[PDB]
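> Below are the structure tokens for one structure; questions will follow.
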2 protein chains.
Amino acid sequence: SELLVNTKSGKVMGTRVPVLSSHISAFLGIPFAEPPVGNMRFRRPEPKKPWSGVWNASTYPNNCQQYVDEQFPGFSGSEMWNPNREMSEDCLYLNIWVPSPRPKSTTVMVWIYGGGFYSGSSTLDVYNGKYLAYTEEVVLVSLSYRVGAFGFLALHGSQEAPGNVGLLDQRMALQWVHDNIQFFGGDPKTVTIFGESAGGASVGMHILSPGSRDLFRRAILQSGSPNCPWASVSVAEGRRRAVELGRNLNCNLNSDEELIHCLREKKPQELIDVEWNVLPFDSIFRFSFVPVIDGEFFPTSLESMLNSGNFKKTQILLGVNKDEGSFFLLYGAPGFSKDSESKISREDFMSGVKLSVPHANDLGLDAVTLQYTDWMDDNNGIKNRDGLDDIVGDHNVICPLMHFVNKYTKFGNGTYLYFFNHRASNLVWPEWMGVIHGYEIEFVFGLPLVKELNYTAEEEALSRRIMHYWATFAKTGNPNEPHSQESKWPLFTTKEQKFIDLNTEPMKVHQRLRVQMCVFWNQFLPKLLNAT
Amino acid sequence: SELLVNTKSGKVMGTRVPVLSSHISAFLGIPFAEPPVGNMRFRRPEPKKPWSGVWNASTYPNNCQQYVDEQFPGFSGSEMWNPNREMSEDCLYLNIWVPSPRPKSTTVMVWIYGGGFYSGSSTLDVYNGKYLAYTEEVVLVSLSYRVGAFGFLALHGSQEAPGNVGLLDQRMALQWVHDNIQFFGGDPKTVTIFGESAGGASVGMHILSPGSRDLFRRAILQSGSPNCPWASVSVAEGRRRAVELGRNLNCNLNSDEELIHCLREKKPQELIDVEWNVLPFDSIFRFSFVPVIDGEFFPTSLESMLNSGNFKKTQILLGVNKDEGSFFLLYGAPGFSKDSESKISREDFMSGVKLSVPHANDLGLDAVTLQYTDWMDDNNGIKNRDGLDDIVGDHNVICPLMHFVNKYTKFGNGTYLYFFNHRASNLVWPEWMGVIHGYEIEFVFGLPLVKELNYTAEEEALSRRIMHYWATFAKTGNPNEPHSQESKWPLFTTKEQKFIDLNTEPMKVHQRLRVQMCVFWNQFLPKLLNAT
Ligand SMILES: c1ccc2c(NCCCCCCCCSc3c4c(nc5ccccc35)CCCC4)c3c(nc2c1)CCCC3
Ligand SMILES: c1ccc2c(NCCCCCCCCSc3c4c(nc5ccccc35)CCCC4)c3c(nc2c1)CCCC3
Ligand SMILES: *[C@@H]1O[C@H](CO)[C@@H](O[C@@H]2O[C@H](CO)[C@@H](O)[C@H](O)[C@H]2NC(C)=O)[C@H](O)[C@H]1NC(C)=O
Ligand SMILES: *[C@@H]1O[C@H](CO)[C@@H](O)[C@H](O)[C@H]1NC(C)=O
Ligand SMILES: *[C@@H]1O[C@H](CO)[C@@H](O)[C@H](O)[C@H]1NC(C)=O
Ligand SMILES: *[C@H]1O[C@H](CO)[C@@H](O)[C@H](O)[C@H]1NC(C)=O
Ligand SMILES: *[C@H]1O[C@H](CO)[C@@H](O)[C@H](O)[C@H]1NC(C)=O
């Protein structure tokens, strides 16, 4: 049977799913690791023991335990990111969409979801891989990994809670794909890992980590890079937050063994209830439990690795959205609301700056403020609003990615950069939020092709073009169709630094993306904070 | 006789001079102080002992001893600023142009020449007061004062070389005008002091100094303000440069009396030959002997005086030119030449920045560099050239004046601000230099009215308009003609901060002159240098 596949871990039975008037095979909920439950909580994942019989892979698996957004109950804009399956620590599974008839050895794409390392699910409707798998004829895989304290509590030195285990979950899934995707018609030597936000950061981390490099061919990073200020902490900061977490649950803190033991007896929701109380500063765009520079997964600092070319050298395709920072301002900055234009006063602008660069002294705050203020019109609510939006997106997403791309390109084998600036016509979020963090995803997964979701014809065309770019890149290392009559997405070079816009208008090539602001964030500000 | 005037110091005989097909009286070379020669060198000026008989005031006096620009021998552009009379320490004289028939009690305007406090003459063709005196019917006075070490060598504590004596020369001339201008038909209660560059700074200094306030009614400052970074030094820096000057002339340095004595035996040219060797840094737009915050002429720091409103409160009219910094770059920055477009390389730009902000550390230099660099086109020679030009003008002239005007306006009784951006059609300097430091002067003195100088009709009209603004302001404290049909030059207020452009085009009102850059120079940079 086309729905029956014999893997090295055992037999699996998929289900035939309908897609754009056709069908394909879907193997949902395939286990790739032993449930990280009980004394296994916080531990490195263990490969799933092979099973006898046939594993029923007809339905989605549980989503990992995570904080649930209730800011706008029932609002689709936010609900679409929340777990749509029951939560459970028994959540290490992967899903596979396979073209029908089953391919023999085709391009494979593995999706890593974002969610600030504290949330995320591989089962979201917006991550449905059937459209992409079907349209581009690729074997699409979406993995899962532990988030929150469960995936990133770090107590360096102990083997019970070493940290980075969520990244190891990802790696194990990639190991499984490398070992078994061939049986699903996938070519293990042509696997592209791709993800957005924390998932984009993750992809970058697998590019850096020696232990992950050999498990994939190329990579795509969307609105995220390994060097993002929110993507990692030092072993010292990690330990401090772990201890503070224990302190929030009245844990004995005399030893790691003591702390770990206590944390393991707590119910999932007990950890989630206090998870945000460990942040060192009053901030936005900062998450409690994230990857840690432990000297193992990452041998040295990320910057020294990037400088010395200590990373996998292959081709990469990455980019950012126009208004990466709007969502976090909405959720955590005074003066921003979902149902108003959110014109910001000068006072709220200053408050916003303080929240956005939590690690800065007064001189630093003054530098940022000066950089983003039009002094000929400083009390303009729109300009103040948009200014804060840029500060957040530039500092947390765009500039970190630009630093990564420039460092990578020096040693890499091909870079393709994009700037997504199309505001979807059916967008439910307010206009002031613009082109939102994460809203390029629906185009990458081809949702616009579904009439019921009512996008415009132009948007359907954009999605098809984006899907073909992603899949062609995954297949060849070049998003451009060889001998095509279409406009060519140019390579990004250390010299020209070219990139393209991704929207419903005729492709346009630009250079030095957000260079003026990124020189400030990547060169000047750090030097300033270092000296002062 | 109309050319004979009996003053409290003695009788003076002027000469009838032709002007625009008419005539007026000119009393040139009137002494207002005893020659500051011999043991009087470096000393405070002494009032001129009254004389018996008639003083011949038919010809210009000698110019004070000063450095002479020989960079472009014969070039009118630079020669027009050099002494056009014989130099001598016996140079404390003033000139007076009087309408004919002699007025009874008319508006008086006293000109204070610039020249970085190290040079300058009241006899330059560009300072000929006959056009202004004739056209606007005012008694025009141009004074003189010691410059260089002669006027500003400062050894605080000693009464032989106290410092600021050049400013005291100016004050004595103003005292003379207050005491005798009535005999020339001038109204001593309606005297406006005006000057450009160091002369503009001087005007501001008389506004601040308690000992000068009562000697004039209102003021006009052109391309200069008291708080300019080059306009003054601390008593400590003043003493250091005095000692270093002595060290350059192999003087005994065991005591002030010793140093002073030695310096007094040197010929004028001996001091001038080493005058520039005492500057602490490799810089541009910095002069060796300038006013000193001694605690006498200026009771406290200039900034505290400005903050507390410790200054004369009256009306003021002031402004700057579009390209204040070009001249100094030409003379002291690598890559600039009179006969080329002076497109600057990135290296020369950096060299220029270092020379322009001599008192800054690396972080400071980086801040300036970042502020004036277009990172989307950093190797553009024109942009680099123009960028440096703005750095020099903004830092040394415009921003200091904007800080002064804003501080003054809080306590003042009326402020009128202008931005001169007309490039004269007969300008001999290269195009890249733009609207040059000091080139608004010829319009203020009405040279365009002289056909032989071949300006355009538009420029003649501009000059007449500027002359009428200056004289009307001097007469009433408002440059605007009451009940006029002409566009109104609006008051500058702390709230609106309005100003006008001064050129051959229809008057246009703007607000917050160079505010973006001045917030950098007046608020951010200082804070940065203070912290780091
Ligand atoms: C990728 C992945 C997720 C996306 C998405 N996720 C919702 C993001 C909400 C970010 C703002 C932080 C919200 C949680 S703050 C917080 C708190 C607490 N506990 C927490 C515990 C865990 C995480 C956050 C917690 C308790 C004290 C009160 C605050 C959203 C968007 N894009 C995404 C793209 C676009 C806007 C809608 C939300
Ligand atoms: C008001 C007053 C004067 C103006 C005017 N004066 C010429 C300004 C030249 C400025 C650059 C500094 C030139 C002297 S540097 C110098 C040196 C030395 N000694 C000096 C001694 C005194 C003063 C400067 C000295 C010896 C070592 C070599 C250098 C010029 C301009 N505007 C002016 C407006 C516009 C450009 C033409 C020159
Ligand atoms: C300059 O000062 C004069 C008075 O010293 C100001 O005029 C006075 O204004 C107040 C309030 O506006 C009136 O109550 C007085 O009757 C006015 N006195 C006279 C003699 O007019 C004038 O407003 C000030 N100008 C500026 C720009 O500050
Ligand atoms: C598991 O497979 C069975 C058929 O073997 C079928 O009921 C369904 O696809 C799965 N179970 C659930 C959740 O209904
Ligand atoms: C001084 O006045 C005399 C006439 O008294 C006349 O020669 C001339 O105006 C002046 N002297 C000079 C320099 O010729
Ligand atoms: C688009 O269809 C109708 C309007 O034509 C609208 O009511 C519906 O909510 C939209 N579909 C979705 C996916 O919300
Ligand atoms: C203007 O007149 C002629 C050209 O018409 C020119 O040669 C002369 O130099 C100019 N006059 C001046 C003041 O230089």
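So you can find residues: chains in the structure tokens are A, B, ... in the order shown, residues in each start at 1, and ligands are numbered from 1 in order.
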Check the DSSP output for the backbone and give back, as a ChimeraX atom specification, the residues of range 308-453 of chain B in strand (DSSP E or B).
/B:316-321,323,415-420,436
> Mind writing the picked residues with N, CA and C atoms as a JSON list (two decimals), in the first residue's frame?

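The result, stored in again_34.json:
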[["chain", "number", "residue", "atom", "x", "y", "z"],
["B", 316, "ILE", "N", 17.67, 90.98, 19.37],
["B", 316, "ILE", "CA", 18.83, 90.54, 18.60],
["B", 316, "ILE", "C", 18.42, 90.01, 17.24],
["B", 317, "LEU", "N", 19.32, 90.18, 16.28],
["B", 317, "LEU", "CA", 19.11, 89.69, 14.93],
["B", 317, "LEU", "C", 20.41, 88.94, 14.61],
["B", 318, "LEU", "N", 20.28, 87.68, 14.21],
["B", 318, "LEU", "CA", 21.45, 86.87, 13.92],
["B", 318, "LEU", "C", 21.14, 85.78, 12.91],
["B", 319, "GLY", "N", 22.19, 85.17, 12.37],
["B", 319, "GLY", "CA", 22.01, 84.12, 11.39],
["B", 319, "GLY", "C", 23.32, 83.52, 10.95],
["B", 320, "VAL", "N", 23.23, 82.53, 10.07],
["B", 320, "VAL", "CA", 24.40, 81.83, 9.57],
["B", 320, "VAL", "C", 24.32, 81.68, 8.05],
["B", 321, "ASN", "N", 25.43, 81.26, 7.45],
["B", 321, "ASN", "CA", 25.51, 81.04, 6.01],
["B", 321, "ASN", "C", 25.43, 79.53, 5.77],
["B", 323, "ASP", "N", 27.26, 77.35, 3.93],
["B", 323, "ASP", "CA", 28.49, 76.55, 3.98],
["B", 323, "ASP", "C", 29.60, 77.21, 4.78],
["B", 415, "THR", "N", 13.81, 88.14, 18.99],
["B", 415, "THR", "CA", 14.84, 87.47, 18.20],
["B", 415, "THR", "C", 14.41, 87.34, 16.75],
["B", 416, "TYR", "N", 15.33, 87.63, 15.84],
["B", 416, "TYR", "CA", 15.09, 87.50, 14.40],
["B", 416, "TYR", "C", 16.24, 86.67, 13.84],
["B", 417, "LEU", "N", 15.92, 85.50, 13.30],
["B", 417, "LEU", "CA", 16.93, 84.58, 12.77],
["B", 417, "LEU", "C", 16.91, 84.43, 11.25],
["B", 418, "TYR", "N", 18.09, 84.35, 10.65],
["B", 418, "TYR", "CA", 18.19, 84.21, 9.20],
["B", 418, "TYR", "C", 19.15, 83.10, 8.78],
["B", 419, "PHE", "N", 18.95, 82.62, 7.56],
["B", 419, "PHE", "CA", 19.80, 81.59, 6.96],
["B", 419, "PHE", "C", 20.15, 82.12, 5.57],
["B", 420, "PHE", "N", 21.38, 82.61, 5.42],
["B", 420, "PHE", "CA", 21.87, 83.17, 4.17],
["B", 420, "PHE", "C", 22.38, 82.07, 3.25],
["B", 436, "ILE", "N", 30.03, 80.72, 1.23],
["B", 436, "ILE", "CA", 31.16, 80.86, 2.14],
["B", 436, "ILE", "C", 31.07, 81.76, 3.34]]
> Any idea what's packed within 8 Å of residue 165 in chain B, counting only C-alpha atoms, ignoring anything in its chain fewer than 3 positions away? Could you give it as a list in words?
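Selected residues are residues 42, 43, 44, 45, 146, 151, 152, 162, 168 and 169 of chain B.
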> Smallest atom-to-atom distance to residue 395 in chain B: which of B:491, B:284, B:272, B:12, using only C-alpha atoms?
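For residue 395 in chain B, the nearest of the given residues is B:284.
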> Counting only C-alpha atoms and all ligand atoms, which of B:72, B:311, B:176, B:27 gets nearest to ligand 2?
B:72
> Mind dumping a table of every chain A residue within 6 Å of ligand 6, with the nearest atom pair and its distance in Å to one decimal, using only C-alpha atoms and all ligand atoms, sorted by chain and rising number, as a tab-separated table?

residue	atom	partner	partner_atom_place_in_ligand_line	distance
A:452	CA	ligand 6	13 (C)	5.6
A:453	CA	ligand 6	13 (C)	3.7
A:454	CA	ligand 6	1 (C)	4.9
> Quick one: pick out all helix (DSSP H, G or I) residues within range 307-410 of chain B from a backbone DSSP run and write them as number ranges by chain.
B: 307-308, 326-332, 346-356, 362-371, 381-409
> Taking only C-alpha atoms and all ligand atoms into account, which residues have an atom no farther than 12 Å from ligand 7? I'd like them as a list in words.
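Every residue with an atom at most 12 Å from ligand 7 is listed here: residues 75, 76, 77, 80, 125, 126, 425, 426, 427, 428, 447, 448, 449, 450, 451, 452, 453, 454, 455 and 456 of chain B.
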> Dump as a PyMOL selection string the residues of chain A that approach chain B to within 12 Å, counting only C-alpha atoms.
chain A and resi 361-378+496-498+510-521+523-532
> Rounded to one decimal in Å, what is the spacing between CA of residue 300 in chain B and atom 1 (C, counted along the ligand's line) of ligand 3?
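Separating CA of residue 300 in chain B from atom 1 (C, counted along the ligand's line) of ligand 3 is a distance of 26.2 Å.
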> Interatomic distance between atom 16 (C, counted along the ligand's line) of ligand 1 and CA of residue 198 in chain A?
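Here the two named atoms are 16.0 Å from each other.
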> My list of candidates is A:273, A:296, A:136, A:244. Which is closest to residue 208 in chain A when distances are computed with only C-alpha atoms?
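Checking each candidate against residue 208 in chain A, we get A:296 as the closest.
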> Taking only C-alpha atoms and all ligand atoms into account, list the residues no farther than 9 Å from ligand 3, as number ranges by chain.
B: 314-315, 409, 411-415, 491-493
> If you count only C-alpha atoms and all ligand atoms, which residues end up within 8 Å of ligand 2, as a PyMOL selection string?
chain B and resi 66-69+77-78+81-82+113-116+118-120+148+196-198+272-277+284-285+287-288+326-328+331-332+436-439
> Please write out the residues within 8 Å of ligand 4 as a short mmCIF file (atom, residue, chain, number, x, y, z; two decimals) with N, CA, C and O atoms, in the first residue's frame, counting only C-alpha atoms and all ligand atoms.

data_model
loop_
_atom_site.label_atom_id
_atom_site.label_comp_id
_atom_site.auth_asym_id
_atom_site.auth_seq_id
_atom_site.Cartn_x
_atom_site.Cartn_y
_atom_site.Cartn_z
N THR A 15 -2.28 8.39 5.80
CA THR A 15 -3.65 8.62 5.38
C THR A 15 -3.65 9.46 4.11
O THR A 15 -2.79 10.31 3.94
N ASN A 56 0.05 3.89 13.76
CA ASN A 56 -1.02 4.67 13.14
C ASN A 56 -0.60 6.13 13.03
O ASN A 56 -0.61 6.86 14.02
N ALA A 57 -0.24 6.55 11.82
CA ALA A 57 0.18 7.93 11.57
C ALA A 57 -0.88 8.65 10.76
O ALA A 57 -0.57 9.29 9.75
N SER A 58 -2.13 8.57 11.20
CA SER A 58 -3.23 9.19 10.48
C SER A 58 -3.68 10.52 11.08
O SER A 58 -4.40 11.27 10.44
N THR A 59 -3.25 10.81 12.31
CA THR A 59 -3.67 12.05 12.95
C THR A 59 -2.52 12.80 13.60
O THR A 59 -1.52 12.20 14.00
#
> Mind giving me the straight-line distance from CA of residue 9 in chain B to CA of residue 53 in chain B in Å, one decimal?
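A separation of 10.6 Å between them.
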